[PDB]
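The chain contents come next:
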Amino acid sequence: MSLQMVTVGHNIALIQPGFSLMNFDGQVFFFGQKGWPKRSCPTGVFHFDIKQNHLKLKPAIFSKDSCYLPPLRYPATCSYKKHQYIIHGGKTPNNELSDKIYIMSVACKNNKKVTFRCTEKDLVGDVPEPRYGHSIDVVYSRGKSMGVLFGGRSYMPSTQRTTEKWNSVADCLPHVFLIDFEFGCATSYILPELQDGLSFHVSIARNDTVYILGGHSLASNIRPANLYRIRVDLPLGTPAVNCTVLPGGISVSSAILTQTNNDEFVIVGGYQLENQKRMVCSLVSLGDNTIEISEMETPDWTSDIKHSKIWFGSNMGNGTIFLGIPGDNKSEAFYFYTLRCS
DNA sequence: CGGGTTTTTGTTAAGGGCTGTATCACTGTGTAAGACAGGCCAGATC
């Protein structure tokens, strides 16, 4: 419940809104810088380390059999259990969208030096169109794993896309896609309780269930307080997917999800209205089949956040949240605050 | 197609005055960051 000032090094310009911090055994790694990778680091992945409330970036290299990936500004991060992550969707530095899916991992470790193995994965079947601003989770059902994808924005279709509205975006279909990591195949499932496309939501996972919280809908310009309970099941045949609406929803878009302890997450940040930025936090609780969203203490915000207009960040893993605000320009382009909650 | 006759059109010289054009020496627009080689201390080491 503390708010701390953070001093940043020289390449503060390499941090932009929409980045994605990734954790690997107590070590946080930066990703998604601004612009194409320069010659200071031909890969882009940087080591996230905070020492005495000071920020320093450190480059990193890949293995031989890796695949040099372009930076992405709105990917779909997802943990997995050796230990590895999944990246899907996002916007290339050329403002284009990428349908490819990535699997990062650790190759070697020697004296605080980490090597990665970026491996492109082929997707076959009911492949989704290139999306961004969505989420993806992994469910465990009877010793089997399966990826759940939902939401995301995208441009107009190939036909209706005109150069007078070339940057117009539209919410994708509310379809739910199960992604198999072994075969690299997907399957399109439609649900009756899903009517409005959702984006910038928050996905909380469990053993075999995933939960949906808040978001935004371009079709209506409304931030609904929804709570969906998707229980994916993996029998010996075709999987099963079911939805269920639950009371006690939150109206927030682009929130930050962190884990203080098991079966209890903390939500902070986001937006209530167009200009009414969310300030209060939110405490959840994951029981056997129930959920309980409740209010917690409101951390002491400084005079900068209370009168700002926009913010961004992501999770760090150790109950800490990396938060930044827009600075001046003529000066430092941004400021950055770390938040502690444990 | 010619004289007789007529009305238009130049033509010289020198000077005056208004108009147009070449000539002089110059300018303002080509203006922030990144790649790289060399030196150097902190530190794991056999």
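How each quantity is defined
- Residues numbered from 1 in each chain as written, not as in the entry; some residues may be left out.
- Chains lettered and ligands numbered in written order.
- Part of a larger assembly, values for the part shown.
- Heavy atoms only, no water.
- Residues with missing side-chain atoms left out of burial classes, pairs and counts.
- UniProt positions renumbered as here; feature names shortened; annotations may be inferred.
- Helix = DSSP H or I, 4+ residues; strand = E, 2+ residues; numbered from the N terminus.
- Pairing = 2+ DSSP bridges.
- Near = heavy atom within 4 Å.
- Polar contact = N/O pair within 3.5 Å; in protein donor to acceptor, adjacent residues only side chain to side chain.
- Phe/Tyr/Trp six-rings, centres within 6.5 Å; stacked < 30°, edge-to-face > 60°.
- Buried < 20%, exposed > 50% of the residue type's maximum accessible area, 1.4 Å probe, protein only.
- Contact = heavy atoms within 4.5 Å.
- Salt bridge = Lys/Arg side-chain N within 4 Å of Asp/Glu carboxyl O.
- Axes fitted to C-alpha atoms, helices over the stretch in contact; angles between N-to-C directions.

If you check the header, you'll see the entry was determined by cryo-EM and the resolution is listed as 3.9 Å.

For chain A, the PDB entry supplies the name V(D)J recombination-activating protein 2 and the organism Mus musculus. You can read under Subunit in the UniProt record for chain A the words "Component of the RAG complex composed of core components RAG1 and RAG2, and associated component HMGB1 or HMGB2." For chain A, the Subcellular location comment in UniProt is given as "Nucleus".

### A short note on the overall build of chain A
Per the secondary structure count, chain A includes one helix and 26 strands. Overall, the C-alpha framework of chain A stretches about 55 × 50 × 50 Å when taken along its three principal axes.

### Quick notes on the sheet that holds strand β17 (residues 185-189)
Pairing is mixed across the open sheet formed by five strands, whose spatial order is β11-β17-β16-β13-β12. The open sheet terminates on both sides in strands that have one partner only, identified here as β11 (124-125) and β12 (135-140). Bridging between β12 and strand β13 (residues 145-150) involves six bridges; their strand directions are antiparallel. Bridge pairing in β13 links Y140 to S145.

### Overview of the protein's contact with DNA strand B
Surrounding DNA strand B, one finds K38, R39 and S40. A distance of 2.7 Å separates a phosphate oxygen of DNA strand B from a polar atom in the backbone of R39.

### Quick notes on the pairing of β17
With two bridges connecting them, β11 and β17 associate as parallel partners. If you follow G125 over to β17, its bridge partner there is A186. When strand β16 (residues 176-180) meets β17, the two strands line up antiparallel, connected through five bridges. The residue bridging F177 from the neighbouring strand is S188, located in β17. What sits between the antiparallel neighbours β16 and β17 is a turn of four residues, in which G184 has the positive phi angle 70°.

### Thoughts on the packing of aromatic side chains
One pass over the structure, following the stated rule, counts 20 aromatic pairs. Centroid distance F48 to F322: 5.0 Å. Interplanar angle 90°. Geometry classified as edge-to-face. A relative accessible area of 7% places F48 in the buried class. With 6.4 Å between their ring centres and 85° between their planes, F312 and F336 make a pair best called edge-to-face. An identical accessibility class is assigned to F312 and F336; each is buried.

### Quick word on the side chain of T320
Looking at the element boundaries, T320 is found in strand β25 (residues 320-326). Ignoring anything within four residues of it in the chain, the contact list for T320 reads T258, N315, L339 and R340.

### Focus on the pattern of salt bridges
Summed over all chains, the structure comprises five salt bridges. Here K100 ties to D99 by a salt bridge, and the two come within 3.3 Å at their closest N and O atoms. On the basis of relative accessibility, which here comes to 39%, the residue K100 falls in the partly exposed class.

### Overview of the sheet that holds strand β26 (residues 334-340)
Strand order across the open sheet formed by four strands is β1-β26-β25-β24, with antiparallel pairing between neighbours. Each edge of the sheet is formed by a strand with only one pairing partner; in this case those strands are β1 (2-5) and β24 (312-315). Each strand axis lies, on average, 25° off the axis of its neighbour in the sheet, ignoring direction. Judged from the four bridges that link them, β24 and β25 form a sheet pairing that is antiparallel. Within β25, the position partnered with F312 by the bridge is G324.

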